[PDB]
Every structure is written in structure tokens, then in C-alpha cells.
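Need a 3D model of the following:
(chains A and B, ligands or ions: 1)
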Amino acid sequence: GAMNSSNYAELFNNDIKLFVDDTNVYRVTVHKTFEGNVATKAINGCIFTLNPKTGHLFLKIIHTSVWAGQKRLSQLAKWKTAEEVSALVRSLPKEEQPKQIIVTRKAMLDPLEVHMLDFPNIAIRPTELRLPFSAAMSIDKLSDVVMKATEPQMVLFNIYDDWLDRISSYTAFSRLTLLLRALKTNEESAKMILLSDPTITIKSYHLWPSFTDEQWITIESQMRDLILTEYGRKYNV
Amino acid sequence: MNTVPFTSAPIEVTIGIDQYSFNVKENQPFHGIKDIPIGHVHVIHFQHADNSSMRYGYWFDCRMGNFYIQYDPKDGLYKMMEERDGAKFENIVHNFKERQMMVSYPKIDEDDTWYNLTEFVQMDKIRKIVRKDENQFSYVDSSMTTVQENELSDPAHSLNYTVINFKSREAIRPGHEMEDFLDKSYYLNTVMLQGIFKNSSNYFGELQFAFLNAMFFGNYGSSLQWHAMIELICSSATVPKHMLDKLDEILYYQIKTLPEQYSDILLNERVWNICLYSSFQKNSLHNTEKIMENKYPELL
Ligand SMILES: NC[C@@H]1CCCC[C@H]1CN1CCC[C@@H]1O
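Numbers count the residues shown, from 1 in each chain, chains lettered A, B, ... in the order given. Shown next is the structure:
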């Protein structure tokens, strides 16, 4: 069934599952033409496919070339997403294939189900959660590999960096969601917080700064102030 | 014209013949139905006065034998049976006609309704959906489940409709996942029409038979089958012009004949709005859409 507040710990059990988010697959800028009409220019996008237990991110870069000569791009994007997740699963050894795939938008259920007919024992689930994975393009390194790509490409990142050496997947997921929620609500502040202290560095193959345990609790606190605050500035409370 | 005599009417029952029905009281002197038009299939069906649960009946074609009804007090229902002694049958019928204890199939001469509901329905195909080969007639009731319903429990009592499933490997060609799912023309024209049904007439006869089982017995899986066969045509961008034109006539008479007050259970909001307003054929069902809008504008 659907994934929600109540069956949330299932993400951290030992059954392999992937989250799929398709919100950054099809991306455009909107501009005016010489005749004063409006047109879109596509830019590179990406499929966000995440193992929430291990932190494995199978970032498939969607190059603008996949749209050339296509119609109805918003709909094509959902089938293209499903084509790529299916290809990923197929490329995986049996013991590494997910038992479940959870899509973050219900529009992805039918495309993925149809592309995964060959895998009847993989459950395709929706979720009731309003997860902030769209803000993945507010992570500098991820946005950078996407924008620089000149061809279709699959890049790997551990979105948890090295965190699991010290904390559990449940805690790691909670940290990630808080950071992404912050980045989504106020990208400028969120980033200001993360990078205020020049001495804290980001490791070449990491995404986030190398905070000590104590520095993460402060950061996490400041991201929570951010998310409450922007809620006030938005709702006047 | 043909006759289906009854031995007697021991229990109060509403008897139906095609789209006509009449009440018979317990032990009322009733010996059957005469003047039944040759050349069509028919259905005679029953709802006991005491158990509105279980409607039940027999699909039959008089050209294939002499058939009669006899109450069975052990099994508690009206059973169709075949009389093989042709002389004993003409004999029984002629007496009952002489004593005028038979109701007359009450066909108005202007009315092509039954013909248009059963245009493509053959007994040979009915007997493949309802398997009971020792009899020439076919028993259906309200509660019989379909082969596809049994996939998702007694197989001898199943309705063996052709399984349609829009999210199945049969429906979806590897590599055409989006194309085939958004435009089911392959599934309709190649898998089902060319492959399983062979021609549009056999497809339309199953469709029509599913509708009638839904209408007359409230058979839920028949209703599911009728809506699926409609939806596959409406969701195909490429349909022979002749199939569309006939479809519009087929569905027009089904909608016209449906009981006004049963429409809320037998008609699937999603399929009809999709077929009439969103699907590739939204512009190809003029008669069906006109009658749907003037009769059931609520469902839309
Ligand atoms: N994000 C890095 C991951 C671990 C190390 C490098 C590759 C992936 C491995 N994943 C998990 C198994 C299937 C897939 O190949």
C-alpha cells in the first residue's frame, strides 16, 4: 500500500527498496521570443533514485537531447523516468534488485508498473509523505554534474556521505530530510547556515561539510529554526 | 414461432423472457411461453418472490432443440431441460396452447430491440463462456464469478470471458510501453481481434453477452467485462470505421434498454466519461453520447 507517517520505519529494515523522484527530470526556463511570445528552453535534468537504508544515490542525468522532436514532454518525462529505473533494476544482480520501489508522485505509478511488468515481485508503492527530494538540485555538486553533462550519464553519490559510520539510517534519513526541507523552504538561508564557518570543509567525494557530532546538532537546530521561521514569514504567525 | 412449456409453477416467481417479465403466483396455473421469435438467442430467467437474492436463468436457442422448464423441489429452482421425444413435445405444447395457459412473447412489430441487443450473440460462443457441454442451453446467475475474478473458486461454475488487462505483458509490447499503454490499438487489433476473437463479430458478441448478463442477473464480473471491452476500443487510436459505427449502435441500445434506476451500479463513471470525452473515440459515438447525456447526465 501507500507509505506514510505510520509505516515509516519500514524504510530502514533489511528489504532493499528505492525511492524514485521525478520532479527534476524535465526542467525548463521560460523566456520571451522576438515576436513577444513565450517559449521554453529545456535544461538538463535528473532522476533522483535513492536507497534510504544505504544512502546510495543512482543519479541518472537526463540530457536535453532526449526531448528533441518529442511532444507532450511532461508526460514523456514520466515514462522516460520509468524506462530508466527499469533499466537500472535490470542491470542489477538479482540479489541486489529492490523488493519495493516507492515513487514520490502518484503520476509515476502507472508508467513504472508498466515498465516493470517483467518484475511482478517488486512492489510499486506511492507515499503520502511530501518529501523534499526536489531540492536535490540545491546541492551544489549534484546541480553541477547535471548542468555540465553533454550526454546521458548515470552518476553515483552516497547522499549520507560517511554519516552511517556514526549514526543509523533512520537518523541519517532524518538529517537528510531536514536539510532538504530547509534548502527547499529558503535555499539562501539554508546554504548560509551550512557554509558559515570556512574551517569546516566538504571532502572531494562528499556532498555536505565534515561536521563533528556536536556541530551537526547545532546545524540541525538551525535548520529547524529556519523551517519554523520561513513558515512564519509565509503565514504571518 | 417456438414455445417453452412449463410443467407447473409451484413457487411464486417473477419470470423473465428477454426484456419482458411477468409475475406468477404460487401454484398459479401457468404452462409456459409461446410465440418466441426464431432466429435469435433468448434468455429465460427467474427471481423467486421469497429470495430476491439470486436471479438465475437460461440462455437458449430454440433451433437447437425442444426445451421446457420444470421446478425441482430438491434443488429449489426452475430448471431448463431438453425433451428428446419430439412427438411427446409437440403433444404437450399443443394441449397447453389449446387450454391457453401460456403467455405470448409480447413483441411489438416496430421493435428491433432484442435483435439489436443480441445482434452478434451466438449460442456456440455462449457455450464456450459458460461451460456445461452436456446441455444445449446455458445457466447463468447473479453470483457466478469470471475466470479473471478467480485469478485475483469453483472453475466449473465460472464465466470464461476473455481476459483483458491493460497492465499485462499481453497488452504491452516490450519497448512500446508508453505507446501501447496510451494507445491500445495493438492490443485491440493484433492481440484480441486478429489473435483471440478472429473478427469484430465475435468480439461484439462477447461484449453484448457480458452486458446482458450484467443487466439481467446483476452479474458484477460481466459488468466488468462489458466496460473493459468498451474501454479497449475507446482507448485505441486506430479502429476500423465499421467497428466504431456499429459500436455506437450497440451501446446506444444497451443504454436505451438499461433500467433507469439500475444505472448507478451498472454504469462505470470513469469508463463512460473517458470513452465519451477523453478517449480517442470521444467524437465517434454520437448516438451513444446523445442518449447518455439526455438520460443519465448525472453520471457525467
Ligand atoms: N552509490 C555507490 C554504490 C556502492 C559503491 C558503488 C556502486 C553502488 C552500488 N550499488 C548498490 C548495488 C547496486 C549498485 O551498484
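
drop to CA atoms for contacts and neighbour counts, all remaining ones
OK.

burial of residue B:66, as a residue count?
By the criterion of other CA atoms under 10 Å in any protein chain shown, residue B:66 has 20 neighbours.

quick one, helices of chain A?
Assigned by DSSP state H, chain A shows helices spanning A:73-90, A:109-115, A:140-148, A:169-185, A:187-195, A:213-235.

Farthest from the middle of the chain: give me that residue.
You didn't say which chain, so I picked chain A. Ranked by distance from the centre of chain A (CA atoms, centre = their mean), the top residue is residue A:35, with 37.6 Å.

That was the other one, I meant chain B.
Distance to centre of chain B, CA atoms, centre = their mean, peaks at residue B:175 (37.3 Å).

tell me which residues in stretch A:57-76 are buried?
A:57, A:58, A:59, A:60, A:61, A:62, A:63, A:64, A:67, A:73, A:76 (16 or more other CA atoms under 10 Å in any protein chain shown).

same question but for stretch B:22-40, I mixed them up
Under 16+ other CA under 10 Å, the buried positions of stretch B:22-40 are B:24, B:30, B:31, B:32, B:33, B:34, B:36, B:37, B:40.

Narrow these to those in helices?
The members of those all map outside helices under DSSP H.

And for stretch B:51-61, what's in contact with it?
Residues from elsewhere that reach stretch B:51-61, judged by CA atoms under 8 Å, 6 or more residues apart in numbering or on different chains: B:38-48, B:80, B:123, B:126, B:136-143, B:216-218.

between the helices of chain A, which gets nearest to residue B:209?
Residue B:209 lies closest to helix A:109-115 among the helices of chain A, at 30.1 Å (CA to CA).

ok, now how distant is residue A:66 from chain B?
Residue A:66 sits 15 Å away from chain B, going by CA to the nearest CA, to the nearest Å.

If you could redo that for residue A:146, that was the one I meant.
According to CA to the nearest CA, residue A:146 and chain B sit 25 Å apart.

So that residue versus residue A:70, what's the distance?
Applying CA to CA, to the nearest Å, the value for residue A:146 to residue A:70 is 21 Å.

what is residue A:156 paired to in the beta sheet?
residue A:58 (DSSP bridges).

Would you check that it makes contact with residue A:56?
Yes. Look at residue A:156 against residue A:56 with CA atoms under 8 Å: they come within range, at 7.3 Å.

And these two? Which one has more around it.
residue A:56 (17 against 11).

contacting residues for the residue lying closest to that one once chain neighbours are set aside?
Distances taken as CA to CA, 6 or more residues apart in numbering or on different chains put residue A:158 closest to residue A:56, at 4.9 Å, once the chain neighbours are dropped. By CA under 8 Å, 6+ apart, the residues touching residue A:158 are A:54, A:55, A:56, A:57, A:206.

For the ligand, what's the nearest residue on chain A?
residue A:56 (4.0 Å; CA to the nearest ligand atom).

My guess is that residue contacts residue A:159. True?
Yes. With contact defined as CA under 8 Å, residue A:56 reaches residue A:159; the gap is 6.6 Å.

In contact with residue B:213, which residues are there?
Shown in contact with residue B:213 (CA under 8 Å, 6+ apart): B:140, B:219, B:222, B:223.

before we move on, what SS does it have?
helix (DSSP: H, G, I helix; E, B strand; the rest coil).

isn't residue A:179 right up against residue A:223?
Yes. Proximity of residue A:179 to residue A:223 meets the contact threshold set by CA under 8 Å, at 6.7 Å.
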